[PDB]
Every structure is written in structure tokens, then in C-alpha cells.
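Notes for the one structure printed next.
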Amino acid sequence: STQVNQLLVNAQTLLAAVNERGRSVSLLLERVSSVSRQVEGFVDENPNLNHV
Amino acid sequence: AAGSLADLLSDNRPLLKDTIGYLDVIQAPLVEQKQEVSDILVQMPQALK
Amino acid sequence: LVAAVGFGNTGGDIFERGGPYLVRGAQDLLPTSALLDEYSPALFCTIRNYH
Amino acid sequence: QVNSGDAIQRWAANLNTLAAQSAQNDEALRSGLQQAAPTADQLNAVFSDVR
Amino acid sequence: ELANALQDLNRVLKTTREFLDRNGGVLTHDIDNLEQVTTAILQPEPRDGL
């Protein structure tokens, strides 16, 4: 039971600490997908980068 | 950082594509005549002195 | 995870050492880039005539 | 637990949604781990070359 | 969110791995050569000459 209560309160603390920066965290998946697509497009659209 | 890289790529991609094309055009004669470039670089300091 | 640790440390050191340099170089290149762009029309003809 | 019932319903629904998305892309997740193991090593090697 | 994130992450990992295996040795060589030449022309005497 002591472990249960300690885990619950520490989970609350950790979730609050993560959520305080909630503007940028909420866009994490969207931004990683966007940068993935941008890098894929940059590499795909320049077949002659290695020759240069 | 993911957002910043996405922004720096979304706006600069066509300009980087054109820059790489122009760089290829500039570089090709330099590669073709690289011995001439090396020779003039070796030769010039003595003439300058 | 281990590879992420190593890559993060290496890239972080590289960017910390060479990020302000790149930012201030791109800041200082604006007037010279504008100057070079202004006198593009006299670039091909000058090189051709000197050749 | 009763007072925050709306919150627990909301995170139960969101857990359902996220878990469904993760399960439907099981092969993508496996390939992502399989490629993330050596690609960070590649990035680290390239950066340490130009450190 | 998560599905697109995972698929795009997989694709970009593959793309980055191919791009590195193709271009890294020459990109590193070019950067090293640029560093050497710029350091050579920015020594004290070349600095004041410029």
C-alpha cells in the first residue's frame, strides 16, 4: 500500500511537470511527422546532391 | 527543435534546390579544368612577389 | 536508447560549439548578400570580357 | 475518484485511441525500432567525424 | 497522431540511413577540406593581408 500511494503521488508530480510545458508537448507528434515529411521531401527532390 | 527544422525546411527547400542546381553549373567547369586552377594557384605568388 | 544517448551528447556538443557562429554569420551575411545580388548584371559580362 | 470521474473517462477514451493507433501500426513500430537502433549510430559517427 | 507519427518516423529513419550511407563520407571530407583552407587563409599574416 505504501508503494501504491508513493507511485500515485509521484505519477501526479511527473505528469504535472510534463504538462506545465503543455503547448509544445501537445505538438510533439505533429511536429515530428512534419519534420519527417520535410526531410523525406528534401532528400527525394535532390537526386543530384551527391554529384554536387 | 522538430518544429524549427520543419520550418527551416518548408521555406528553404526550393531555394536550396535552386542553389544546388546553380552550384552544379558553377562547379562543372572547375572540375573539368582543375589542373589549370592548381597551376595558376601555384604560379601566382611568384608573379606577385 | 544507448545510441540516442551517444548521438544526443555528440550533436549537442557540436551545436553548442557551432550554433552561435552560424547564427551570427547568417546575420552578418545579409548586407554582403544584398550587395552581391545588386551587382549580378555585371558578373557574367565582366568575366567574359576579362577572359 | 468520484470527483474526477470526467477526467478518468477522458483518459480512458484517450488510452483506447492511442492504443488502437499503436496496435494498428505494429509492423511500423517494429521497423522503427529496428532502424532506430543503427541510424543514431550513423548520425553519431558522421557528427563525431566533423566534431 | 500516433499512426502518422510512427509511419513518418519509420520512413525518415530509412531515408536518413540511406542518405548518410551515401553522402556522409564525402560531406565530411568536404567540411574537413573547407576547414583546412579557411584556417589556412585566416592565419595572422593572411588575415592582415586580406
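Virtual Cβ from ideal backbone geometry, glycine too; neighbours counted across all protein chains shown. Read-outs throughout are calculated quantities, based only on the coordinates presented, and are distinct from any laboratory measurement.
Quick notes
- Number of the condition not met by D:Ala12 [criteria: (1) more than 14 Å from chain C (Cβ to nearest Cβ); (2) surrounded by 11 or more Cβ atoms within 10 Å (Cβ to Cβ)]: (2)
- Criterion: of a type in the set (D, E, K, R) and under 22 Å from the mean Cα position of the chain (by Cα) - qualifying residue of A:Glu45, A:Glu30: A:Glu30
- Pairing residues of the range D:29-51 that are facing another protein chain (nearest Cβ under 7 Å) and of a type in the set (D, E, K, R) with residues that are loosely packed, with under 15 Cβ neighbours inside 10 Å and in a helix (DSSP H, G or I), at Cβ distances under 7 Å and at least 6 apart in sequence or on separate chains, gives D:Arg51/C:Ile14.
- Test result for E:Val37, at the interface with another protein chain (Cβ under 7 Å from one of its Cβ atoms), of a type in the set (A, V, I, L, M, F, W, C) and free of Cβ contacts under 8 Å to residues at least 60 places away in the same chain: no
- Yes/no for C:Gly25 being exposed (fewer than 11 other Cβ atoms within 10 Å of the Cβ), assigned to a helix (DSSP H, G or I) and of a type outside the set (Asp, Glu): yes
- Put simply, of B:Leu16, B:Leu23, B:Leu9, B:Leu41 the only residue that is of a type in the set (A, V, I, L, M, F, W, C) and either more than 23 Å from the chain's Cα centre (by Cα) or exposed (fewer than 13 other Cβ atoms within 10 Å of the Cβ) (or both) is B:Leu41.
- Scanning the range A:19-36 for residues that are closer than 25 Å to B:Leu15 by Cα and surrounded by fewer than 17 Cβ atoms within 10 Å (Cβ to Cβ) turns up just one, A:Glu30.
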